[PDB]
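Student: After the structure tokens below, expect a handful of questions from me.
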Amino acid sequence: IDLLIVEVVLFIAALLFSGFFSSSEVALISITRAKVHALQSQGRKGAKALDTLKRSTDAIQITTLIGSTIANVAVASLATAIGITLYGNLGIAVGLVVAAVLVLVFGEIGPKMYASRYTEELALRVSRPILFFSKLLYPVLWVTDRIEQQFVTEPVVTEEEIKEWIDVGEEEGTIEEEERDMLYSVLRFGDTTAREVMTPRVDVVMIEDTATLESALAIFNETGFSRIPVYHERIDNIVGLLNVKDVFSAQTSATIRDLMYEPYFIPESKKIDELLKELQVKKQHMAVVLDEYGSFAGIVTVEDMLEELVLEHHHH
Amino acid sequence: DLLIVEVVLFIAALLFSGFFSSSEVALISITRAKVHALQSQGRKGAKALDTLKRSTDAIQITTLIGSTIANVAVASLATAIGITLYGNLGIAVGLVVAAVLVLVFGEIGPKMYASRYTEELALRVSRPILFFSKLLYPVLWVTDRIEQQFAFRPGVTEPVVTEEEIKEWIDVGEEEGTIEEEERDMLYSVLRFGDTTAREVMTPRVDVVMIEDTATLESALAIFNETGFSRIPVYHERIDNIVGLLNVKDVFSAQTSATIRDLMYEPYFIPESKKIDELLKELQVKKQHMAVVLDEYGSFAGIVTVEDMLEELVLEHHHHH
Ligand SMILES: CCCCCCCCCCCO[C@@H]1O[C@H](CO)[C@@H](O[C@H]2O[C@H](CO)[C@@H](O)[C@H](O)[C@H]2O)[C@H](O)[C@H]1O
Ligand SMILES: CCCCCCCCCCCO[C@@H]1O[C@H](CO)[C@@H](O[C@H]2O[C@H](CO)[C@@H](O)[C@H](O)[C@H]2O)[C@H](O)[C@H]1O
Ligand SMILES: CCCCCCCCCCCO[C@@H]1O[C@H](CO)[C@@H](O[C@H]2O[C@H](CO)[C@@H](O)[C@H](O)[C@H]2O)[C@H](O)[C@H]1O
Ligand SMILES: Nc1ncnc2c1ncn2[C@@H]1O[C@H](COP(=O)(O)OP(=O)(O)OP(=O)(O)O)[C@@H](O)[C@H]1O
Ligand SMILES: Nc1ncnc2c1ncn2[C@@H]1O[C@H](COP(=O)(O)OP(=O)(O)OP(=O)(O)O)[C@@H](O)[C@H]1O
Ligand SMILES: [Mg+2]
Ligand SMILES: [Mg+2]
Ligand SMILES: [Mg+2]
């Protein structure tokens with residue numbers, strides 16, 4: 001009874017350590033190094049010590065493995081010690097069963113489940129102690145890091161794991177087979193620039209602002225297009241977009257410059273995700289692209305970006 | 001004596017502890033291309049490996065429960081054996097000893113050994129670990145219902161994966177950096193875009209501009225040049241009955257001897273409850289920009305153009321935490 005009281009606290013304390021190391025492992029190895037260096041530049045409390053741990057992901061796995069294993073071993077080495085003193089030789093089992101059922105719930109699975117909901121907030125909190133324990137285990141680290149001269153875990157939620165849950169959607173009907181492809185496209189659609197999908201000026205059909213109104217229809221009805229850029233004595237110099245509908249319903253005296261409208265000029269590095277929205281806000285369809293020198297380069301239509309997101313994807 | 005019963009279970013548990021740890025690494029380290037090759041080659045333990053990898057979470061919970069249970073058993077028998085010899089100094093002798101044995105033989109050891117022998121070991125352990133996996137089905141059932149977690153969700157217990165659940169996953173992706181902040185707002189947008197139907201983004205019949213198929217082109221151009229549109233439906237003796245669609249780009253480029261019925265083209269009729277995520281792909285595949293919505297009785301109720309759906313997709317997009 002005397003020592004038993006002192007043993008149930010080490011049992012509880014070791015359980016918290018095992019949970020602390022197990023939950024710390026999930027949050028730490030899940031933050032994208034691209035995002036860690038973002039929090040560090042912002043200077044948030046914990047990012048510096050977190051970028052340190054990311055410098056050697058092998059240090060995050062060994063620390064949490066050893067700190068937890070040591071704890072887990074102590075969590076049960078005492079649970080049976082307490083068990084036997086309470087239940088004789090039947091305590092090695094009783095103490096064993098009541099230990100394995102708590103190392104699983106509060107020292108392994110529970111701590112891992114909790115850390116997934118709060119992964120950025122917890123990673124910044126356990127950056128200091130985990131980096132501290134890693135220093136204490138520098139002997140054991142060098143032992144396992146030195147063998148690296150004699151010949152990585154992934155986050156709880158990977159972009160592939162998400163993609164897979166969507167495929168489950170298509171399979172179960174909750175998600176149309178058409179928007180699975182669109183959901184797949186969005187993920188491969190934010191880092192895309194307009195230059196990657198623009199129509200090179202070479203293949204563009206345009207018209208000079210000095211041309212004849214009637215002569216413009218010769219282009220529309222011959223090329224079948226509905227919107228052609230307009231240029232001013234230089235293919236480089238785009239001064240307006242001409243809409244075919246305006247020419248069909250044109251007055252008897254109007255000229256090319258009367259029915260053209262100011263184009264939305266954009267760079268070659270324009271993200272097409274925000275351009276599909278900027279065009280949808282102007283009620284406009286075409287966007288003129290300019291290179292680094294302001295010279296014409298190509299055009300981009302809402303029909304281009306639409307083709308991107310609607311493109312059909314492969315099923316795994 | 002009872003000691004002999006303890007030291008034997010101590011080793012056996014230490015082998016299980018190392019069997020699961022090394023089976024987890026080997027089963028997960030192996031690439032999807034290697035399994036597909038072993039699948040076609042048809043080697044022993046491949047078919048059971050292909051299924052075992054379908055849910056990478058089911059592999060970690062079984063190898064964890066296994067390695068954890070065994071590890072505790074290794075420690076239990078050390079604190080017990082040592083206690084039988086060293087009284088209460090055994091709890092320390094057991095803890096300290098077990099703490100090093102599990103680490104070097106149940107954890108770190110089995111892990112490093114698996115990284116170099118991923119192929120051979122995965123096949124020899126795909127069968128036993130898969131067997132255990134089916135025993136853990138009760139645990140896999142509960143885990144797949146706790147939707148506040150994202151660590152152990154096997155998805156092999158037939159869960160209801162609805163738009164709600166995917167959003168939960170995407171929210172986590174943005175928080176850890178695997179998904180960018182901006183490309184999450186897009187997923188939430190298209191996620192709710194699929195819920196929208198045709199009627200909710202259509203133009204009601206009352207606002208539509210049509211032209212009777214018995215009119216003349218001189219009248220057709222007048223409509224376009226007045227309403228500004230580029231396409232208008234066509235009917236026959238009744239407003240409920242739509243028979244085609246007319247485009248100005250063709251009426252302007254119409255032969256001297258032309259008509260409205262020969263210039264119009266068959267429309268794509270759709271119900272009011274039509275999903276626009278499908279219609280957007282279908283309209284984009286038929287090269288057409290406008291559909292025709294028909295109410296339950298197959299009468300003209302409105303139209304849905306590509307632009308009508310892009311507004312719902314873009315300007316009215318969702319985002320939440
Ligand atoms: C809920 C579960 C709870 C289980 C138990 C959790 C135990 C947490 C472990 C506490 C470790 O405490 C840790 O000690 C070290 C040494 O001071 C601190 O690190 C310190 O080290 C450097 C120098 O080495 C000091 O200059 C500086 O004050 C501090 O960074 C660290 O900030 C703290 O985090
Ligand atoms: C589960 C049991 C695991 C084993 C227990 C741990 C045993 C640790 C034995 C290794 C001693 O650990 C470590 O050895 C190296 C020797 O090069 C020491 O480092 C020394 O060599 C390295 C280069 O290799 C130098 O960078 C460093 O400045 C020097 O101090 C280090 O100070 C010591 O901390
Ligand atoms: C931290 C994780 C802790 C995990 C704790 C594990 C608890 C195990 C005991 C609970 C087992 O839970 C029980 O398992 C069976 C599958 O075998 C479930 O499924 C069974 O019943 C449902 C209906 O409710 C049926 O649809 C299904 O076909 C059948 O297999 C059952 O609904 C659930 O009531
Ligand atoms: N004047 C143009 N010159 C060269 N290419 C063009 C021109 N206009 C559009 N395109 C190209 O056609 C592709 C599809 O664009 P889009 O379908 O919107 O033309 P459109 O048939 O006139 O459209 P709409 O009929 O809706 O007005 C674009 O990728 C673009 O590169
Ligand atoms: N005949 C029509 N009657 C009523 N609404 C129409 C008609 N045609 C199009 N609309 C509506 O106008 C809006 C925009 O559609 P849309 O952009 O396709 O027409 P458009 O601008 O004349 O064609 P385009 O832009 O390709 O030249 C949509 O809400 C659509 O429902
Ligand atoms: Mg077009
Ligand atoms: Mg082990
Ligand atoms: Mg329009």
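Each chain of the structure tokens is named A, B, ... in the order shown, its residues numbered from 1; ligands are numbered from 1 in display order.
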Give me, as a VMD selection string, all polymer residues having an atom no more than 10 Å from residue 258 in chain B, counting only C-alpha atoms and skipping those fewer than 6 positions away in the same chain.
Tutor: chain B and resid 216 to 217 251
Student: Would you export the selected residues with N, CA, C and O atoms as a compact mmCIF listing (two decimals), in the first residue's frame, please?
Tutor:
# COMPACT_ATOMS: atom_id res chain seq x y z
N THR B 216 -39.18 34.75 -91.33
CA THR B 216 -38.14 34.95 -92.33
C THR B 216 -36.85 35.42 -91.67
O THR B 216 -36.86 35.99 -90.57
N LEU B 217 -35.73 35.18 -92.35
CA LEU B 217 -34.43 35.58 -91.81
C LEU B 217 -34.39 37.08 -91.55
O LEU B 217 -33.80 37.53 -90.55
N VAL B 251 -27.15 32.64 -89.37
CA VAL B 251 -28.12 33.46 -90.08
C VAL B 251 -27.41 34.58 -90.84
O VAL B 251 -27.79 34.91 -91.97
Student: Determine which residues of chain A sit within 6 Å of chain B, taking into account only C-alpha atoms, and present them as a PyMOL selection string.
Tutor: chain A and resi 31-32+35+70+73-74+76-77+80+96+100+113+116+156+174+178+249
Student: Just want the 10 Å neighbourhood of residue 212 in chain A, counted on only C-alpha atoms, with same-chain residues fewer than 5 positions away dropped. Output as an NGL selection string.
Tutor: :A and (207 or 217-218 or 254-256)
Student: Mind writing the picked residues with N, CA and C atoms as a compact mmCIF listing (two decimals), in the first residue's frame?
Tutor:
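selection_21.txt, freshly written:
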# COMPACT_ATOMS: atom_id res chain seq x y z
N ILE A 207 -7.12 41.73 -86.81
CA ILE A 207 -7.44 42.69 -87.86
C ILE A 207 -6.89 44.05 -87.46
N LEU A 217 -16.14 40.98 -91.37
CA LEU A 217 -16.97 39.79 -91.54
C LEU A 217 -16.27 38.75 -92.40
N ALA A 218 -15.46 39.20 -93.36
CA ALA A 218 -14.70 38.25 -94.17
C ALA A 218 -13.83 37.36 -93.29
N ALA A 254 -20.41 53.00 -89.05
CA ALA A 254 -19.44 52.67 -88.01
C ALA A 254 -18.15 52.15 -88.62
N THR A 255 -17.05 52.34 -87.90
CA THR A 255 -15.73 51.85 -88.28
C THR A 255 -15.28 50.78 -87.29
N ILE A 256 -14.08 50.25 -87.53
CA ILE A 256 -13.55 49.20 -86.67
C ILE A 256 -13.38 49.72 -85.25
Student: As a list in words, please: every protein or nucleic acid residue near ligand 4 (cut-off 7 Å, counting only C-alpha atoms and all ligand atoms).
Tutor: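 Checking only C-alpha atoms and all ligand atoms against ligand 4 at 7 Å gives residues 198, 199, 203, 204, 205, 206, 225, 226, 227, 228, 229, 285, 299, 300, 301, 302, 303 and 304 of chain A.
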Student: Can you list, as a list in words, all residues belonging to range 166-221 of chain A that DSSP tags as alpha helix (DSSP H)?
Tutor: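 So, restricting range 166-221 of chain A to alpha helix (DSSP H), we get residues 166, 167, 168, 169, 170, 171, 172, 177, 178, 179, 180, 181, 182, 183, 184, 185, 186, 187, 213, 214, 215, 216, 217, 218, 219, 220 and 221 of chain A.
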Student: Convert the current residue selection to file output with C-alpha atoms, as a CSV table (one decimal), in the first residue's frame.
Tutor:
chain,number,residue,atom,x,y,z
A,166,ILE,CA,-13.4,11.5,-53.8
A,167,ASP,CA,-13.1,8.4,-56.0
A,168,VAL,CA,-15.1,6.6,-53.3
A,169,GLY,CA,-17.6,9.4,-53.9
A,170,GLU,CA,-17.9,8.6,-57.6
A,171,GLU,CA,-18.1,4.9,-56.6
A,172,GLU,CA,-21.0,5.6,-54.1
A,177,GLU,CA,-18.4,11.1,-62.1
A,178,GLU,CA,-18.2,14.4,-63.8
A,179,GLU,CA,-17.2,16.5,-60.7
A,180,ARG,CA,-14.7,13.9,-59.5
A,181,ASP,CA,-12.8,14.8,-62.7
A,182,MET,CA,-13.4,18.5,-61.9
A,183,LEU,CA,-12.3,18.1,-58.3
A,184,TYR,CA,-9.2,16.3,-59.7
A,185,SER,CA,-8.6,19.2,-62.1
A,186,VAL,CA,-8.8,22.0,-59.4
A,187,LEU,CA,-5.9,20.3,-57.6
A,213,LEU,CA,-16.1,47.1,-91.3
A,214,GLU,CA,-17.5,44.8,-94.0
A,215,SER,CA,-14.0,43.3,-94.4
A,216,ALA,CA,-14.1,42.1,-90.8
A,217,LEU,CA,-17.0,39.8,-91.5
A,218,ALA,CA,-14.7,38.3,-94.2
A,219,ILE,CA,-12.6,37.1,-91.2
A,220,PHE,CA,-15.4,36.0,-88.9
A,221,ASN,CA,-17.4,34.1,-91.4
Student: So that I can see what lies close to range 146-148 of chain A, please list as a list in words the residues with an atom at most 12 Å from it, counting only C-alpha atoms and leaving out residues fewer than 5 positions away in the same chain.
Tutor: residues 58, 138, 139, 140 and 141 of chain A; 112 of chain B
Student: Residues as selected, C-alpha atoms, written as a PDB file, in the first residue's frame, can you do that?
Tutor:
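File written: selection.pdb
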ATOM      1  CA  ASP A  58      14.882  11.170 -38.827  1.00  0.00           C
ATOM      2  CA  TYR A 138      21.835  12.760 -29.300  1.00  0.00           C
ATOM      3  CA  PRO A 139      23.797   9.613 -28.298  1.00  0.00           C
ATOM      4  CA  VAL A 140      21.080   7.287 -29.586  1.00  0.00           C
ATOM      5  CA  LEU A 141      20.512   9.575 -32.579  1.00  0.00           C
TER       6      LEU A 141
ATOM      7  CA  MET B 112      15.460  -1.050 -40.709  1.00  0.00           C
TER       8      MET B 112
END
Student: List as a PyMOL selection string the protein and nucleic acid residues lying within 7 Å of ligand 3, with only C-alpha atoms and all ligand atoms counted.
Tutor: (chain A and resi 105+109-110) or (chain B and resi 137-139+141-143)
Student: Rounded to one decimal, what separation in Å do you get between CA of residue 5 in chain B and CA of residue 85 in chain A?
Tutor: 18.9 Å
Student: Write out, as a Markdown table, each residue of chain A that has an atom at most 9 Å from ligand 5, together with the closest pair of atoms and their distance in Å to one decimal, counting only C-alpha atoms and all ligand atoms, rows going by chain and rising number.
Tutor:
| residue | atom | partner | partner_atom_place_in_ligand_line | distance |
| --- | --- | --- | --- | --- |
| A:226 | CA | ligand 5 | 27 (O) | 7.4 |
| A:243 | CA | ligand 5 | 27 (O) | 8.5 |
| A:244 | CA | ligand 5 | 27 (O) | 8.6 |
| A:245 | CA | ligand 5 | 27 (O) | 7.3 |
| A:283 | CA | ligand 5 | 17 (O) | 8.5 |
| A:284 | CA | ligand 5 | 25 (O) | 8.3 |
| A:285 | CA | ligand 5 | 25 (O) | 7.5 |
Student: Taking N, CA and C atoms for each residue, export the selection above as a tab-separated table (two decimals), in the first residue's frame.
Tutor:
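Dumped everything to selection.tsv:
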chain	number	residue	atom	x	y	z
A	226	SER	N	-15.70	34.28	-83.23
A	226	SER	CA	-16.66	35.26	-82.75
A	226	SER	C	-16.01	36.46	-82.09
A	243	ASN	N	-16.03	42.26	-81.50
A	243	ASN	CA	-17.05	41.24	-81.30
A	243	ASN	C	-17.90	41.12	-82.56
A	244	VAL	N	-18.03	39.89	-83.07
A	244	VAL	CA	-18.72	39.69	-84.34
A	244	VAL	C	-20.16	40.18	-84.25
A	245	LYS	N	-20.83	39.92	-83.12
A	245	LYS	CA	-22.22	40.33	-82.98
A	245	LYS	C	-22.37	41.83	-83.20
A	283	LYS	N	-18.07	40.19	-67.29
A	283	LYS	CA	-18.94	39.72	-68.35
A	283	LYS	C	-18.19	39.65	-69.68
A	284	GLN	N	-16.91	39.31	-69.62
A	284	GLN	CA	-16.02	39.31	-70.77
A	284	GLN	C	-15.50	37.89	-71.02
A	285	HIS	N	-15.10	37.63	-72.26
A	285	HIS	CA	-14.73	36.29	-72.70
A	285	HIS	C	-13.25	36.13	-73.03
Student: Kindly work out which residues sit at most 9 Å from ligand 1, using only C-alpha atoms and all ligand atoms, and give the list as a list in words.
Tutor: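 Final answer, ordered by chain and number: residues 13, 14, 15, 16, 17, 18, 19, 20, 21, 23, 49, 125, 126, 127, 128, 129, 130, 131, 132, 133 and 135 of chain A.
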Student: Using only C-alpha atoms and all ligand atoms, find the one residue out of A:62, A:97, A:122, A:279 that sits nearest to ligand 2.
Tutor: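 Counting only C-alpha atoms and all ligand atoms, the residue closest to ligand 2 is A:62.
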Student: Of the candidates A:57, A:72, A:84, A:288, which shows the shortest atom-to-atom distance to ligand 7, using only C-alpha atoms and all ligand atoms?
Tutor: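 Checking each candidate against ligand 7, we get A:72 as the closest.
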Student: Between A:150, A:144, A:223, A:295, which has the minimum distance to residue 109 in chain B (counting only C-alpha atoms)?
Tutor: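 Looking at the shortest contact to residue 109 in chain B, the residue is A:144.
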